[PDB]
């Protein structure tokens, strides 16, 4: 459990789960491989668990597990979306064996430079809300925020609802963006900024008319769409949207 964390940002201060100012400005943030580095190898651990699930639950050889995992991931943005639809997998049981079994407490540590950068972004007055927009389920999302010491830095969370049993609504699908817009109180896309490591997700935000979309590419792409700004480290946001950090 994480109830013994005492460092700043270790407590969630926004609500999980009525009009507002229309001129609202919102910066959306992906979480995985965004608020922490892809070199943490957390994504590798996730893929290991996911591939194990395909093998143990779908009785597939490792090579066929890779093919099916990649196929679903490519077209859906989440393998679990395909497992739900075609294999009648329960997404919450899956989630217990995958994201929720990661040894995060041994990997993620408070990220003070990230905390300070986000504080500066909140304090300029240029952005009204920092909103999390993740394909993870809420358990994992919250756990990452608390461990990284940034859980008080966001005004809300839009996560993929793994409780659904027909399909999952997730990035890069437009319905996921619509949900993020509604939940955050965002009136127009043109009042939104977005950072994500997924090229396809960035592609959707751009196509939808978001103001500025930043594609986070640490080393090599796992493709960057027309109109996106590329950085290799989230701490480079101050380099590329500098004005948002100034009063």
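Positions refer to the first chain, counted from 1.
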query	finding
Unresolved deposited residues lying between neighbours residue 17 and residue 18	4 to 9
Where residue 222 meets residue 223 in the shown sequence, the number of deposited residues left unmodelled	4 to 9
Between the two ranges 48 to 56 and 211 to 219, the one averaging a larger CA B factor in the entry	211 to 219
Higher-scoring stretch by recorded Cα B factor average, 223 to 231 or 19 to 27	19 to 27
Out of 116, 158, 139, 105, highest CA B-factor residue	105
Residue selected from 172, 110, 82, 125 by maximal Cα B factor	125
For residue 195, the third of its chain into which the C-alpha B factor falls	lowest
Third of chain Cα B-factors occupied by residue 76	highest
Ranked against its chain, the third holding the CA B-factor of residue 65	lowest
Residue 187 CA temperature factor, ranked by third within the chain	highest
For residue 204, the third of its chain into which the C-alpha B factor falls	middle
